[PDB]
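Written out below as structure tokens is the structure these notes cover.
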Ligand SMILES: Nc1ncnc2c1ncn2[C@@H]1O[C@H](COP(=O)(O)OP(=O)(O)OP(=O)(O)O)[C@@H](O)[C@H]1O
Ligand SMILES: [Ca+2]
Ligand SMILES: [Ca+2]
Ligand SMILES: [Ca+2]
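Residue numbers (the working numbering), protein chains in the order written: chain A, 1036 to 1395; chain B, -3 to 119.
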């Protein structure tokens, strides 16, 4: 019974290979006393008396002690397994530093005594979950966005682009513009409230200006939102302005190119002969791609960027919040996978550097 | 990959067809070649011998309109694995029911057929 763990900046997704969805989805947060530790929702609850930390920033592990706490909680508190008993599949960024891949491997075998493990690139897992071997993945989560072209099963590292604009940024931005509107989020639960408004009510405008006009001249786009205390506030143009910032990073004071352009830019970095299959297989992946309207808007923006005869297809599965996890489930389930694993035996033989030879 | 069906693949000119069945790669009986369960996903290997005598490989994964996610995912991954096993020499093609390429359609001399149903999901 292999396990599949997908570590993100904001959320850890975890489950059993062969299930169609993660069993456990919890915040990638470790809390330690201001004056012992806590993970996830519990850390968030006790946050008044804890220093809360995110071990993963922009998809990359920056704190191994706290990453260990995340995995310990994942095994013992969430999945309720003894990790010494299960092959474990973990996920990583496509350009995950070499030292980080080693440390993951080392921690797994030495700290948790996994009998087997494997590390897979998140984007590639999403492609596989969409039943493709070639395409471009636009993966947007809580802390980072990437455009990751993949040909015949493998990513093109030279062509990959990183955009440090994701969910947390969108949440902050929504807080700013609702404040500017006249609202005030002052309770401890401000970020969660505004994150929830984002996730429940935001959408991507097909035509941003035209939406701005519709919003300014009518009440038709307006939605009511009930706060924890029962106060009802109105969400107007903020609904589409917040995620507009994916297409217009200047809204956040970034000189960045938007997600559509980043995607185009990656495709253009690839050999001419594969671009047709990239344009025709643009897979959206991650929580921050869950905005209604996003795919249509991607399609429209890529259409305007590519020759007119290019076939553009955006693929946005409803379950793209967990695409990566689901690709791991599938991968780790194959009859062919028992030969892909790094075994304990192999690890004791070559140590952590085995990962560079076994996993890619 | 020690997968027994890998040992078999691309040995001589010809067409070889496997169906994904619960996270495994399972050969199709030769007398059912061309009759595809639209509820299933398949991996097809076409091995052609050129004028040289040289072996060429085109690897098609075919996705039924009603095949489950585990099935289309597995077909995609098996394809990559088989390509890797054949030293990356296979050209990979994604074949969607109702939109198969002419080359693929050409593999079945009496015309391919669809039939409803299939093997249950591995999930
Ligand atoms: N329905 C929704 N609409 C818009 N955004 C959403 C929705 N559901 C979740 N999100 C956002 O997605 C982010 C979490 O997504 P995900 O779990 O893919 O990120 P992660 O893997 O933790 O982050 P990263 O991939 O950047 O390391 C959060 O910012 C969350 O608010
Ligand atoms: Ca992620
Ligand atoms: Ca089936
Ligand atoms: Ca190949």
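C-beta: ideal position from N, C-alpha, C; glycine also.
Coarse secondary structure for residue 1368 of chain A, derived from DSSP in three states: Counting from one through the first chain, the residue named residue 1368 of chain A turns up at place 333. In the structure shown, residue 1368 of chain A adopts helical secondary structure according to DSSP, grouped into three states.
Could you work out which residue in A:1142, A:1176 and A:1241 is closest to residue 1157 of chain A when comparing CA atoms only? Stepping through the first chain from its first residue, residue 1157 of chain A is reached at position 122. The candidate whose alpha carbon is nearest that of residue 1157 of chain A is A:1176.
Per DSSP, which residues does residue 1230 of chain A bridge with? Please list them. On the first chain, position 195 is the one that residue 1230 of chain A refers to. Listed as beta-bridge partners of residue 1230 of chain A by DSSP are no residues whatsoever.
Starting from residue 1160 of chain A, trace the alpha helix (DSSP H) in both directions and tell me its first and last residue. Working through the first chain from its first residue, we reach residue 1160 of chain A at position 125. For residue 1160 of chain A, the enclosing alpha helix (DSSP H) starts and ends at 1157 to 1164.
Contacts of residue 85 of chain B in chain A (Cβ-Cβ under 9 Å): Position 89 of the second chain, counted from the start, is the residue given in the question as residue 85 of chain B. Against residue 85 of chain B, chain A offers no close residue; the least beta-carbon distance is about 11 Å (beta-carbon pairs closer than 9 Å).
To the nearest angstrom, report how far apart residue 1311 of chain A and residue 79 of chain B are at their CA atoms. Start at 1 with the first residue of the first chain, and residue 1311 of chain A comes out as number 276. Start at 1 with the first residue of the second chain, and residue 79 of chain B comes out as number 83. Taking the straight line joining both Cα atoms gives about 21 Å.
Against chain B, with Cβ distances strictly below 8 Å, would residue 1069 of chain A count as a contact? Walking along the first chain from the start, residue 1069 of chain A turns up at place 34. With 8 Å as the cut-off, residue 1069 of chain A does not count as an interface residue toward chain B.
Could one say the Cβ of residue 79 of chain B lies closer than 8 Å to chain A's Cβ atoms, at least one of them? Here residue 79 of chain B corresponds to residue number 83 of the second chain, with the count starting at 1. Yes - at least one Cβ of chain A is within 8 Å of the one on residue 79 of chain B.
Mind pulling the chain A residues with CB within less than 8 Å of residue 70 of chain B? By one-based count along the second chain, residue 70 of chain B stands at place 74. What residue 70 of chain B touches in chain A: 1365, 1368 and 1369.
Buried or exposed: residue 1385 of chain A, going by 16 or more other Cβ atoms within 10 Å of its Cβ? Mapped onto the first chain, residue 1385 of chain A falls at position 350. Result: exposed.
Which residue marks the beginning of the beta strand (DSSP E) containing residue 91 of chain B, and which one marks its end? As a position in the second chain, residue 91 of chain B is number 95, starting the count at 1. Its beta strand (DSSP E) spans residues 86 to 92.
Are residue 1037 of chain A and residue 1122 of chain A touching if we call contact CB-CB under 8 Å? Walking along the first chain from the start, residue 1037 of chain A turns up at place 2. Walking along the first chain from the start, residue 1122 of chain A turns up at place 87. The Cβ-Cβ distance between residue 1037 of chain A and residue 1122 of chain A falls below 8 Å.
Closer than 7 Å between beta carbons: that is the criterion. Which residues of the region 1311 to 1332 of chain A meet it against chain B? Contacts with chain B (Cβ-Cβ distance below 7 Å) from the region 1311 to 1332 of chain A involve no residue at all.
Roughly how many angstroms separate the alpha carbons of residue 1109 of chain A and residue 1065 of chain A, rounded to a whole number? Within the first chain, residue 1109 of chain A is the residue found at index 74, counting from 1. Within the first chain, residue 1065 of chain A is the residue found at index 30, counting from 1. Roughly 12 Å between the two C-alpha positions.
Residue 1062 of chain A to residue 1131 of chain A, Cα distance in whole Å? Position 27 of the first chain, counted from the start, is the residue given in the question as residue 1062 of chain A. Position 96 of the first chain, counted from the start, is the residue given in the question as residue 1131 of chain A. Cα to Cα, residue 1062 of chain A sits roughly 21 Å from residue 1131 of chain A.
Between the region 1130 to 1145 of chain A and the region 1359 to 1376 of chain A, are three or more C-beta pairs nearer than 8 Å? Contact between the region 1130 to 1145 of chain A and the region 1359 to 1376 of chain A is absent, because fewer than three Cβ pairs lie under 8 Å.
With a CB to CB cut of under 6 Å and the five nearest residues on each side skipped, what residues in its chain are close to residue 1345 of chain A? Position 310 of the first chain, counting from 1, holds the residue named residue 1345 of chain A. Cβ contact annotation for residue 1345 of chain A (same chain, cutoff 6 Å, sequence separation greater than five): 1314, in chain order.
Under 8 Å Cβ-Cβ, which residues of chain A neighbour residue -3 of chain B? Taking the first residue of the second chain as 1, we reach residue -3 of chain B at position 1. Those within 8 Å of residue -3 of chain B in chain A are 1371 and 1374.
Between the CA atoms of residue 1387 of chain A and residue 1166 of chain A - distance to the nearest angstrom: Position 131 of the first chain holds residue 1166 of chain A. Position 352 of the first chain holds residue 1387 of chain A. The straight-line gap from Cα to Cα measures roughly 31 Å.
In this structure, does DSSP put residue 1277 of chain A in helix, strand or coil? Reading the first chain from its first residue, position 242 is the one you call residue 1277 of chain A. Helix, per DSSP.
Identity of the residue in A:1073, A:1383 and A:1090 nearest residue 1084 of chain A by Cα: Against the first chain, residue 1084 of chain A aligns to sequence position 49. Residue 1084 of chain A has its Cα closest to that of A:1073, out of A:1073, A:1383 and A:1090.
With 16 as the cutoff for other CB atoms within 10 Å, does residue 1255 of chain A come out buried or exposed? As a position in the first chain, residue 1255 of chain A is number 220, starting the count at 1. Looking at its Cβ environment, which holds fewer than 16 other Cβ atoms inside 10 Å, residue 1255 of chain A is exposed.
Measuring straight from C-alpha to C-alpha, what distance separates residue 7 of chain B and residue 82 of chain B? Here residue 7 of chain B is taken as the residue at index 11 of the second chain, counted from 1. Here residue 82 of chain B is taken as the residue at index 86 of the second chain, counted from 1. Spanning the alpha carbons of residue 7 of chain B and residue 82 of chain B requires a straight line of approximately 10 Å.
For residue 38 of chain B, count the other beta carbons within 10 Å of its own beta carbon; 16 or more makes it buried, fewer makes it exposed. Which is it? Start at 1 with the first residue of the second chain, and residue 38 of chain B comes out as number 42. Counting Cβ neighbours within 10 Å, residue 38 of chain B comes out buried, since at least 16 surround it.
For ligand 2, any of its heavy atoms closer than 7 Å to the Cβ of residue 1362 of chain A? The count along the first chain starts at 1 and reaches residue 1362 of chain A at position 327. It does not: the Cβ of residue 1362 of chain A is nowhere closer than 7 Å to a heavy atom of ligand 2.
With 9 Å as the limit, tell me which residues of the region 1123 to 1157 of chain A have their beta carbon closer than that to any beta carbon of chain B; keep them in chain order. Taking 9 Å as the Cβ-Cβ cut-off against chain B, none of the residues of the region 1123 to 1157 of chain A qualify.
Considering only C-alpha positions, which residue in the set A:1069, A:1041, A:1164 and A:1094 is nearest to residue 67 of chain B? Within the second chain, residue 67 of chain B is the residue found at index 71, counting from 1. Of the candidates A:1069, A:1041, A:1164 and A:1094, A:1164 places its Cα closest to the Cα of residue 67 of chain B.
For residue 38 of chain B, three-class secondary structure by DSSP: For the purposes of this step, residue 38 of chain B is taken as the residue at position 42 of the second chain. Note: residue 38 of chain B maps to strand in three-state DSSP.
For a cutoff of 8 Å on Cβ pairs, would you count residue 1050 of chain A as touching chain B? For this step, residue 1050 of chain A is matched to residue 15 along the first chain. So, not an interface residue.
Does the Cβ-Cβ distance between residue 1054 of chain A and residue 119 of chain B come in under 8 Å? Translated into the one-based positions of the first chain, residue 1054 of chain A becomes position 19. Translated into the one-based positions of the second chain, residue 119 of chain B becomes position 123. For residue 1054 of chain A and residue 119 of chain B, yes; Cβs fall inside 8 Å.
In chain order, what residues of the same chain have a beta carbon less than 7 Å from the beta carbon of residue 1330 of chain A, not counting five sequence neighbours either side? Along the first chain, one-based indexing puts residue 1330 of chain A at 295. Within the same chain, 1319, 1349 and 1351 come within 7 Å of residue 1330 of chain A by CB-CB distance, once the 5 residues on both sides are set aside.
Test item: CB-CB of residue 1301 of chain A and residue 1171 of chain A under 8 Å: In the first chain, counting from the first residue as 1, residue 1301 of chain A sits at position 266. In the first chain, counting from the first residue as 1, residue 1171 of chain A sits at position 136. Yes, the Cβ-Cβ distance between residue 1301 of chain A and residue 1171 of chain A is below 8 Å.
Where residue 1200 of chain A and residue 1056 of chain A are concerned, what is the direct C-alpha to C-alpha distance, given to the nearest angstrom? Mapped onto the first chain, residue 1200 of chain A falls at position 165. Mapped onto the first chain, residue 1056 of chain A falls at position 21. Computed Cα separation, rounded: 26 Å.
Which listed residue (A:1233, A:1189 and A:1202) has its alpha carbon closest to that of residue 1180 of chain A: Within the first chain, the letter at position 145 stands for residue 1180 of chain A. When only C-alpha atoms are compared, the closest one is A:1202.
Exercise answer, beta-carbon shell around ligand 4 heavy atoms below 7 Å: Answer in sequence order: A:1187, B:79, B:84, B:85, B:86, B:87 and B:88.
Is it buried or exposed, residue 26 of chain B, if we count other Cβ atoms within 10 angstroms and call 16 or more buried? Translated into the one-based positions of the second chain, residue 26 of chain B becomes position 30. Exposed is the call here.
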